[PDB]
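**Student:** Experimental structure below, sequence on top.
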Amino acid sequence: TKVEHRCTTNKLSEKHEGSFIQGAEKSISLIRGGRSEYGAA
Amino acid sequence: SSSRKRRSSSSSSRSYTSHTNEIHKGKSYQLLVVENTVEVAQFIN
């Protein structure tokens, strides 16, 4: 008597994670009149 | 794999296995201020 049993198996996996943020601000201001202590403020 | 003949026999197994990861981060922040003060505005010579 002769017997033979055989197998092959394969597996794969992946994962990904991502983030981004962006900000921009501008200010423009003109003061005319004041004491420059509070014209500054 | 496993094999038997008659008595004699042999058997085997395997795992190739592998993994990879990466990360990155980048950040930049840029500021400008320009300011003028005056206390006399035409000074005229």
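**Tutor:** Okay, I see it. Residues are numbered from 1 along each chain as shown, chains lettered A, B, ... in the order given.
**Student:** residues in chain A within reach of chain B, list them.
**Tutor:** A:1, A:2, A:3, A:4, A:5, A:6, A:7, A:36, A:39, A:40 (CB under 8 Å from any CB of the partner chain). Using the backbone N, CA and C atoms, a C-beta is placed for each residue, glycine as well.
**Student:** Identify, from those, the entry nearest to residue B:14.
**Tutor:** Closest approach to residue B:14 among the residues of chain A next to chain B (CB to CB): residue A:7, at 10.8 Å.
**Student:** ok, the closest one to residue B:4 distance?
**Tutor:** Plainly put, residue A:7 is 16 Å away from residue B:4 if you go by CB to CB, to the nearest Å.
**Student:** So these two - more neighbours on which side?
**Tutor:** Counted by other CB atoms under 10 Å in any protein chain shown, residue A:7 and residue B:4 do not tie: residue B:4 has more neighbours, with 14 against 7.
**Student:** Give me the distance between that one and chain A.
**Tutor:** In this structure, residue B:4 and chain A are 5 Å apart, going by CB to the nearest CB, to the nearest Å.
**Student:** do the same with residue B:10
**Tutor:** 10 Å.
**Student:** ok, and the most crowded of the residues of chain A next to chain B?
**Tutor:** residue A:39 (13 neighbours).
**Student:** Run through the strands of chain B in chain order.
**Tutor:** Ranges of strands within chain B are B:2-5, B:8-11, based on DSSP state E.
**Student:** tell me the most buried of the ones you listed?
**Tutor:** Compared across the strands of chain B, strand B:2-5 shows the largest average neighbour count, a mean of 13 (mean count of other CB atoms under 10 Å in any protein chain shown).
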